[PDB]
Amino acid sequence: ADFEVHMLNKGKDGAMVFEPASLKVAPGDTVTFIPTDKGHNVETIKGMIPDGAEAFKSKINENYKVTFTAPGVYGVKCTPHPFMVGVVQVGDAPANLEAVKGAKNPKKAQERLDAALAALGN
């Protein structure tokens, strides 16, 4: 299955958001990150992807597709926008949950990640 995440200046969560900011997918599913507004990108957060996964980074304004196969959670962020974060989950019982949940980001970033994990049933 293929899924889309839009990069937006504003959403229910406030300014600078991935929408949806949380997505549960099956191994082999894909997510394309699509800038609805200019000035955004996507990249994985250091330490926040599974063993077996590769990091990634898009260019500002680039439409960017990633295939997810390694099971676990994947924290992603937008470079210019500190609170702009999201979580892609592959499978159930992710094994690297604490990598995201136990991290020490600025509060508004960390609460958005934490909300994303809780919405994914964790």
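Position 1 is the first residue in the sequence shown; the rest follow in order.
The deposited CA B-factor of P80 belongs to the lowest third of values across its chain.
The deposited CA B-factor of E43 belongs to the middle third of values across its chain.
Compared with the other modelled residues of the chain, the Cα B-factor recorded for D114 ranks in the lowest third. Annotation for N9: C-alpha temperature factor in the lowest third relative to the rest of the modelled chain, per the entry. Remark: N63 belongs to the lowest third of its chain, ranked by C-alpha B-factor as recorded.
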